[PDB]
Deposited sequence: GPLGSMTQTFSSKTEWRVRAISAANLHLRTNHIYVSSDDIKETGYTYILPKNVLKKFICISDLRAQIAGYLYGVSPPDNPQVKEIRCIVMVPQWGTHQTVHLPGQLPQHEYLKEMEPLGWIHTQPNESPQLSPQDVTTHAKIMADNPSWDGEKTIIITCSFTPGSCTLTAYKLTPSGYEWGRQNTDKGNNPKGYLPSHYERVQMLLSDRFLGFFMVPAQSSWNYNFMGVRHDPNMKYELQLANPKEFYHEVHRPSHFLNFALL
């Protein structure tokens, strides 16, 4: 007398409906009370192009104001081929390279995460330290980790520095879990971060494709090489980021 039938409820459909309301969080951005000044225009765009469950990341580039070398103005965010989960974001080993960024210095990276947390993530220390160990252009005293956590109806930002001991731990860490061994809160400090309207930042995106590989993670490996171009990134669920969903009606 039963005869009930399952009909799939693919969850990227539900999450894609949420991403279209992300723009409302850009009216409720909060910053936690060297110095780093984030321009609002690229931050708002970075929020909208993102996802509520899958983390996304972007590299930070900037330059100190003329006579004021103790503050770092963030002038550019670079989106590189990536995929993410709710705990990390898998970047390629190759750091951005472009003529435009040569006049600037690298200031670290900014990523989103689902829930706020009073502590910089352990796999976040591991990420930052492992980048520093492969790229001496990341100073440690000048590169930060700006977290963008999806608090209810909002967006709160926090900027962390790595410590010397946090660096030496993160390089050697292999446990990718959320409570690995030798993890200690003395691996990071907070740093001053300000959101400003006085200048605009700009984006650089990949040249031969886009940045979002979360719907095609197999064609993404840590050794992948990419060029860049002066242009703005596409939203998370844009067509070009999931062509299978469109082309797989040639079977239906």
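So which bits of the deposited sequence did not make it into the model?
-> Holes in the chain trace, numbered from 1: 1 to 4, 38 to 44.
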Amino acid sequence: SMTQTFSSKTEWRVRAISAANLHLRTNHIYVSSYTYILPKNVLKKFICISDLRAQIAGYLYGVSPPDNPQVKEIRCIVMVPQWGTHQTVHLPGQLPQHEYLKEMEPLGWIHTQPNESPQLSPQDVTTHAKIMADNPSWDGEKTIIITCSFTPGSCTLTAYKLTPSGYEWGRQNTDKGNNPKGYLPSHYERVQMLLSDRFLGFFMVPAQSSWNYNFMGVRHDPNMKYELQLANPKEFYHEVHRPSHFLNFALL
From here on, numbers count along this sequence of modelled residues.
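So that the term is clear: the rigid core is the largest set of C-alpha atoms that superpose within 1.5 Å between two forms.
Higher-deviation segment by CA RMS in 7 other deposited structures of this protein, core fitted, 232 to 240 or 5 to 13 | Once the cores are fitted, 5 to 13 deviates more in 7 other deposited structures of this protein.
Using only the Cα atoms and their B-factors as the entry lists them, report which of 78 to 86 and 166 to 174 averages higher.
-> That would be 166 to 174.
Got a sec? Mean C-alpha B-factor, which is higher, 183 to 191 or 206 to 214?
-> Averaged over C-alpha atoms, the B-factors run higher in 183 to 191.
Identity of residue with top Cα B-factor, from 65, 222, 62, 58 | In the PDB entry, the greatest C-alpha B-factor among 65, 222, 62, 58 is found at 65.
Chain-relative CA temperature factor third for residue 130 = Residue 130: CA B-factor falls in the lowest third of its chain.
Should residue 238 be placed in the lowest, middle or highest third of its chain by the C-alpha B factor in the entry?
-> Lowest third, going by the recorded CA B-factors of the chain.
Quick one: classify residue 150 as lowest, middle or highest third of the chain based on its Cα B-factor.
-> As the PDB entry reports it, the C-alpha B-factor of residue 150 lands in the highest third of its chain.
Lowest, middle or highest third of the chain for the C-alpha temperature factor of residue 71?
-> Its C-alpha B-factor belongs to the highest third of this chain's values.
CA B-factor placement of residue 34, once the chain's modelled residues are sorted into thirds | Top third by C-alpha B-factor.
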